[PDB]
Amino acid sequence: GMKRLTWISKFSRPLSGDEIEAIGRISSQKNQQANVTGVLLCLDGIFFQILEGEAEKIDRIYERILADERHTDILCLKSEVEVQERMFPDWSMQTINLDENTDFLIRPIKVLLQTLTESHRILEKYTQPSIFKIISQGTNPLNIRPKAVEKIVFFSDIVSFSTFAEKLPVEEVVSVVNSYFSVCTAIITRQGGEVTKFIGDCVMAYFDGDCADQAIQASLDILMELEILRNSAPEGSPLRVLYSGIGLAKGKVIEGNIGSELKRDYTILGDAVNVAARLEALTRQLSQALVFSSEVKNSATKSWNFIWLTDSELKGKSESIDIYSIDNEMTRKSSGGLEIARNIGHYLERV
């Protein structure tokens, strides 16, 4: 079984023609020893490479490439497994510096390559990070076979978000929600989860069905980071009254090629909207920044400081489920809902 990788990256810093040449030289020497072939091109501070060989050797080489200080933002665009024929059998690593190339026909191709790479970067930011996950594992997302998988589903929202929109300039509202989305997404990702979408002011994320500990850790880490954010913001910053509620439940989600050819999606949680709205209501009603179902609680392996809060319905069936939180100094909180909303409005009014 032969493997072929295509990837693109950005120069981590400015790189001379002689430095690019040196990259291609050691790459060629190492790949020759590995029986690996391919091509490396650069244009306007972007590297493109196709790399092909026995899968074991490719991954070790690829692991090395990801650690090179000379580039960053490495993106695997295609991974072919069980490759049958080499594209570049005579090139251990052929290097093509397009910046130095002045050939008649290659000039318009460089403009096209540039524009297409830039367009591609724009699209990267607007798609689920899981889509690139599927690609690096050798699968076209549009060919995923449908499957049902149990997940821990994460929902956070901003407390009385409507007050921000009523009290602040639109640019400042966006600043606040960007700070919120950035905190949530960074922490969820480092705990091994995936943000699947933003729904208004609400972040939706998945954790593997048996990673409750990571979903709880992520939730507490977010609450702690938001407390630090509120306390460390400048005087009069709107960030001082940025609060979140977080709910966790278990759901069976559907993975597959989902949607309308116009618009596609990789996953659906049926009735996500109702689960999110119900968790939102529980954080408000309970004055508790973190709530989660018994199914989440019993999936956890660590000895969290669990506290039982109440019964509720999360799915819409006539099933009363126990709602828990974590009892820690942070989550101890006497009045939420209307109390916090009034405070937010008073503060933001005088900003």
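We number the residues from 1 along the sequence you see.
Annotation for 33-41 versus 53-61: the higher mean temperature factor (C-alpha) is found in 53-61. Between 98-106 and 125-133, the higher mean Cα B-factor belongs to 125-133. Taking the PDB entry at face value, the top CA B factor among 201, 90, 235, 82 belongs to 82. Split the chain's modelled residues into thirds by C-alpha temperature factor. Residue 339 is in the highest one.
Ranked against the other modelled residues of its chain, the C-alpha B-factor of residue 175 as given in the entry falls in the middle third. Looking at the C-alpha B-factors along this chain, the one for residue 247 belongs to the lowest third. Per-chain ranking of the deposited C-alpha B factor places residue 295 in the middle third. Ranked against the other modelled residues of its chain, the C-alpha B-factor of residue 75 as given in the entry falls in the middle third.
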